[PDB]
There are 2 protein chains.
Amino acid sequence: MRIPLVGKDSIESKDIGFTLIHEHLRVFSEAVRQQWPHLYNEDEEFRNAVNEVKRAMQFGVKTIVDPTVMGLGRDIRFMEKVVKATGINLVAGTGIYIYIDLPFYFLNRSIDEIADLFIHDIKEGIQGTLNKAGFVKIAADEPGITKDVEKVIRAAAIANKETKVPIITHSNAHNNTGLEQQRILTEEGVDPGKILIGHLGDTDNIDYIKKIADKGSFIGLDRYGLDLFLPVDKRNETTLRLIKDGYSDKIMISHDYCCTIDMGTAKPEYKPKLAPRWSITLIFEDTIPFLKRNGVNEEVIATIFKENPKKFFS
Amino acid sequence: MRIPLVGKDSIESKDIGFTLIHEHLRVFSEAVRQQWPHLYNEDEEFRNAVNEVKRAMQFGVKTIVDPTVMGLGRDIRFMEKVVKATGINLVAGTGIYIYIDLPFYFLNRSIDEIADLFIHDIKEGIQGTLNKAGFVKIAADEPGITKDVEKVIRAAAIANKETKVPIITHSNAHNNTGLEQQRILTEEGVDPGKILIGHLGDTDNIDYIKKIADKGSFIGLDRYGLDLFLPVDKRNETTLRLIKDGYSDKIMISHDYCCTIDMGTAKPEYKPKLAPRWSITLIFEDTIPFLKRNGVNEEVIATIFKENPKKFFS
Ligand SMILES: [Co+2]
Ligand SMILES: [Co+2]
Ligand SMILES: [Fe+2]
Ligand SMILES: [Fe+2]
C-alpha cells in the first residue's frame, strides 16, 4: 500500500486513523544492555509496553509511531511481540540518534554509506526481518550541529529523496537546532512538509515555533507530561495559542513516553518531581479536554491527530 | 587460581607463560551491529580469529589478553568458541571504552554504580556466564580527560581496590592522557605497578614514555604494525633505546591487532598504506629478531613477554 507496519501488511495513509506520532515502547543503550544484561528485565518491559498500548487503544488510538532507532535500542522483534499482543498499528523507523559523534564504525565512511543503511531498512527490512522502516529519525541537542550530526542529517535527506519516507527529528527547543535541521534538510531537496521538527513543545517561545511552521514543517509539541522540560499547563497555553493563531495545519502532539527507559534520570524516585502525570494517555486525560474547554472544536482535534499524520506519511 | 581464563579453569599467574598483553579477537560498535547485522559476517570473524590465534600459538604464545570491552563489542560467547577451537589461554576484561561521553544510560549515575558494573564482571561473571574478568580496561584519546572519561577512570580505581585486578588503558601518546590516567588512578590509591598505560609506542618521544615508567606503571609499546600511528622501524628504535636505558621491567609489547575490526579506517583498501604487515605475529617476524640482533638477550625478551605480564597480574 504505502505505510509499512510492524507485523502487518502495509496500509494506505487514509487508514492511519487516530495517531500518536512520537512514543517509545522501550528505550536503552545498545552497548550497556549488550555488556550488562543483568540490569534489564525483558518480561517487565514487555508488560509495561503492552499495558500502555492497550490503554491508549481504549481511548481510540489506532496507530503509534515509534522513533526508537540506533542509539535508543531499537528492537524490531520486541516491537512485533507487542503488536501481536495488542493489535496496534505500529510504524517503525530507521535512522541514527546521536548528540556529538558517530560510533567509531563510521570513521572514514561517506554520507552515502550512512544513507545506504537507512535505505536498506526502508526497502529490505529491519534487523533481518521483513518489517520495513516508514520514516527516518535524526537528532541534535545541546552540542548543536556537530560534523557527525550533520552527516546524519544529510544521509536522512538522501534516504527521503530515494524512498519518500518522512523525517522525524529530535531537537533542543532552546538552541536553534530544530531550525538548522529544517534548513539543512530543505536545502538538500527535502520537501519541508515531509519533516517533523521535534520537542518544540519544550519551549513557550511562540515566535521560534511559528518560524519553523511557517517554513512548511510540522512542529512537535510532543513531550506532554515531561514537566522538567516544560509543565503541562505551559504546554497547554502554548498549544492553544498556536491553534488560535491558525497553526493546526502544522501542529503534532504526543508524549514521547517510554513505557521503559534505562536512563539514570528515569528512576522511580524522580518521577513525582520531573514527570508526575507522564504517560501515553495524558493528552486524553488533560490536554484535549483543556482545548475543548477553551473553544477548540472536534475538527481541529481530528486535524492534529488524524489529518496531519496522514499528510506527513502521504 | 588467580587469573581467570575464558572457557578454562583459572591459572596461577606464574603459569601464564609467553603472553600477548593487548590483542583483540574481534572489535565492533555494539549499536551498529545490533541495528544492522547485515554488515557483519560471523563465520569470517570466527575463522580469522582462530587462524590468527593458532599462528600465534605456533610461535610459542600461551596467553592472550583481550581488552575488548563495552564500546568495542566484547562478546564472551564468541570468545569461548575461539578458546575451544584453539586451546589458547584467554584473559577477558571489563570496563568502558569512550572518548567523550558515556551512553545515556549513565546520566545521573554515580561513579560507584559504574564500578559495580566492573565488579559484577569480575566477581559474578561476564554477560550471564561464569567467565570472569581479569582486569579493567579504560580509555582516553584526542578529546582528552572529559568528565565522563574521568568518571570511568575513577570507577576503575574502585574496582581495582575491591578486586585487585590490574588496569589496562588506552591513551593518546601525543596529548598527556596517559600521564593523566596514571595520575588520577594513583591519587585514588591504585598501585602504579598495577597499571598498563597503553599506546605509548605511538610516539618516539622517549622522555614522555620514561616519565610514566618512572612513576612505576607499565608502558604499552603495543601497536606494532599500525604504521599510521608510527612505522615499525621507529617503534623498534624506541623499544631498543628504552631497553638499553634499562626499562625492560616496565615494557610490554603487543600488536593491538584486531582479527576483525568494523571501522572504515581499518578496511582492506587502506591496509597497504596504514598497516601493510599488521598481524598477531608481526613481533616474531620483525620486532623480536631485530631486538635480538641488537644485543638484547633471551633474559630480556622473557622479562617482557613472561615476567612483566606475570607481575602485572600478581
Ligand atoms: Co527526542
Ligand atoms: Co586502544
Ligand atoms: Fe523520543
Ligand atoms: Fe586495543
Side-chain angles (χ1 to χ4, degrees), chain A residues 27-36 38-40 71 98-101 103-104 141-143 146 261-267 269-270, chain B residues 29-31 67-74 93-123 126 133 135-172 175-192 194-199 217:
Chain A
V27 170
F28 64 84
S29 312
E30 286 93 334
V32 177
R33 186 152 195 153
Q34 182 165 340
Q35 296 308 332
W36 297 286
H38 74 276
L39 294 169
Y40 304 86
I98 56 161
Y99 294 171
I100 307 175
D101 289 358
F104 308 104
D141 208 284
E142 296 181 5
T146 65
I261 183 170
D262 68 344
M263 290 192 61
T265 61
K267 293 178 181 181
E269 66 285 356
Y270 282 108
Chain B
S29 311
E30 284 87 339
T68 308
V69 298
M70 196 230 71
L72 292 175
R74 181 182 66 171
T94 191
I96 295 175
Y97 182 103
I98 59 161
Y99 291 168
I100 310 182
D101 290 3
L102 282 162
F104 68 82
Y105 169 77
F106 296 97
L107 257 298
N108 296 321
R109 291 199 149 90
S110 63
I111 292 168
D112 291 297
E113 294 179 58
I114 299 176
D116 290 351
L117 293 183
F118 302 164
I119 291 163
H120 172 101
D121 287 351
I122 299 165
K123 298 174 67 181
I126 295 164
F135 63 89
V136 180
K137 165 76 173 290
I138 61 174
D141 203 289
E142 190 283 332
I145 309 300
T146 63
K147 270 193 168 61
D148 284 349
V149 159
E150 180 175 351
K151 289 160 68 176
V152 172
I153 297 170
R154 294 176 184 279
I158 298 178
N160 162 262
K161 279 153 60 183
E162 271 287 338
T163 63
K164 273 59 191 186
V165 306
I167 298 179
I168 298 173
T169 89
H170 169 113
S171 79
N172 185 302
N175 68 2
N176 275 17
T177 47
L179 185 66
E180 280 298 55
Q181 290 172 343
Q182 178 182 54
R183 177 182 58 79
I184 299 173
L185 290 172
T186 52
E187 284 180 11
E188 295 306 334
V190 177
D191 176 1
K194 277 298 200 169
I195 310 171
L196 166 61
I197 301 300
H199 311 327
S217 299

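In the text below, chain A, chain B and the rest are named by the order of the sequence lines, each starting its count at 1.
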*Do you know which two heavy atoms are closest between B:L107 and A:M263, and how far apart they sit?*
CB-CE, 3.7 Å
*asked:* According to side-chain contact (heavy atoms from CB on, under 4.5 Å), who are the partners of B:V149, at least two apart in sequence or on a separate chain?
replied: B:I98, B:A140, B:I145, B:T146, B:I153
*Give the minimum heavy-atom separation between B:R109 and A:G264, together with the two atoms involved.*
NH1-N, 2.9 Å
*asked:* Using a 3.5 Å distance criterion without hydrogens, assess whether the side chain of B:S171 forms a donor-acceptor pair with backbone atoms of B:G198.
replied: yes
*Picking from A:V32, A:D262, A:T265, what satisfies side-chain contact (heavy atoms from CB on, under 4.5 Å) with B:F104?*
A:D262
*What is the distance from atom NZ of B:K123 to atom CG of B:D116, rounded to the nearest 0.5 Å?*
9.5 Å
*asked:* Tell me if a side-chain donor or acceptor on B:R74 pairs with a main-chain N or O of B:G93 at a distance below 3.5 Å.
replied: yes
_On a heavy-atom basis, which atom in B:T169 and which in B:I197 lie closest, and how many Å separate them?_
OG1-CA, 3.6 Å
*asked:* Using 0.5 Å steps for rounding, measure from the CG atom of B:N160 to the CD1 atom of B:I195.
replied: 7.5 Å
*Looking only at heavy atoms, which two atoms of B:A133 and B:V165 are closest? And how far apart?*
O-CG1, 4.4 Å
*asked:* To check you understand the geometry: which heavy-atom pair defines the closest contact between B:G95 and B:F118, and what is its length?
replied: CA-CE2, 3.2 Å
*Keeping the roles fixed (side chain from A:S29, backbone from B:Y105), state whether a donor-acceptor pair exists under 3.5 Å.*
yes
*Straight-line distance of B:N176 CG to B:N172 CG, nearest 0.5 Å*: 9.5 Å
*Short question: side chain of B:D141, backbone of B:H170 - any donor-acceptor pair under 3.5 Å?*
no
*Distance from B:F106 atom CZ to B:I96 atom CD1, nearest 0.5 Å?*
4.0 Å
_Check this for me: does any side-chain nitrogen of one of B:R183 and B:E180 sit under 4.0 Å from a carboxylate oxygen of the other?_
yes
_Distance, nearest 0.5 Å, that separates CH2 of A:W36 from CG of B:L117_ = 5.0 Å
*So, for B:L102 and B:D148, which heavy atoms are closest and what is the spacing to 0.1 Å?*
N-OD2, 2.9 Å
